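Consider the single chain below, provided in structure tokens and representing the form described as "closed state" in its entry title.
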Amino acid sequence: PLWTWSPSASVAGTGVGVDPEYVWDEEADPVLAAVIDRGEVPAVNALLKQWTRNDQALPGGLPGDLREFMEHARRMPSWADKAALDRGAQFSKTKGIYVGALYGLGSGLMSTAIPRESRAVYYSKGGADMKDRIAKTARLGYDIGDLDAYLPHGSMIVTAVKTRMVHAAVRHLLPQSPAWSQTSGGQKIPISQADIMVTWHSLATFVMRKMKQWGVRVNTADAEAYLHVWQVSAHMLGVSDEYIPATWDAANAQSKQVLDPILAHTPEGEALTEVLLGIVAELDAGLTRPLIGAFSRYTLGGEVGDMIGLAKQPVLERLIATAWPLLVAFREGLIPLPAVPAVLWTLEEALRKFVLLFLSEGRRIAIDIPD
């Protein structure tokens, strides 16, 4: 379901296509199911913990099927462009407060309105703790934008391959949780490529849309660079090129059809929201529940905020909406200091500390195959 078009708008650009709802990860899935079934997860995790850098040889002692899978998965696509990648990274850094806010509060809360992500995350067993699991898209979205992401001394190739490996492992594990099977609707196997592309629109497409709507200065070169970083990242995550949009016009159209209609409240999503709100409110950021609620509602809009169960705070939301664009125009250098209500500056400081504490200098545990 979800997806109804051909891939002529895609990175691969071809006329034909298989429905991404019924494609998973043909190279990773059986390699990980074997690694899990031979009881090699503890050992593979101790070995992979040593592999932290894009240019590093794989550690010896890996099982042969896994080594082969990994040396192939760490390859950059031939269409990756170094100059665009460096530019997309610079852009992400220069707009760091906006992109960090939008990933951590916008995309991270929107995830709790995406039923399959919420159920998979909620029921997933043996992986990261709940505290880390809930942050996982935002912190990966964040690290995607790093200056070094795809350079030899960076780590995003590492992060993407291990992430791809984790998704493969979950395809073999989640179906054995009766709780996930019973609530899955008709889906036999979790995390379709279609599902991955839903999350992608909740990240890349959403963030670009909101930055342009708020008046962040996004010239055409930067916008395409940011897209490219995201296209290379979808590929490195294991999304086939036939599903990755080629241009912003394609990404925007695909998001209206693939993301918008699947947003929905679930009990599992409700539970995830409370965890995320509690962790964010517990950071030493000054980001209280009222401020998170109002800003997340302004960002996501009222229909998504209602599904999520963020309560409408009409005064605070109106103050934000009337004045946040002035603050943005001021930080972008376009207007003199604006007379805005003082609480906007409070909000802005709370957001900056949030990016700092939750993402920038945040917790980065090693990405482990689940048990």
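The numbering used is simple: start at 1 and walk along the sequence shown. Here the rigid core means the biggest group of C-alpha atoms that line up within 1.5 Å when the two forms are laid on top of each other.
Just so it is clear, the following notes concern the form described as "open state" in its entry title, a form of the same protein that is not shown.
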- Note on the structure: Shifting its Cα by 2 Å or more between this form and the one not shown with the rigid core aligned, the only one of 159, 137, 118, 296 is 137
- Flag for residue 359, CA shift 2 Å or larger between this form and the one not shown after aligning core: yes
- Compared with this form, is the residue 90-residue 363 Cα separation smaller or larger in that other deposited form, the difference being 3 Å or more? closer
- Message: Having a change of 3 Å or more in the C-alpha distance between residue 331 and residue 360, I'd like to know whether it is closer or farther in that other deposited form than in the form here.
- Response: farther
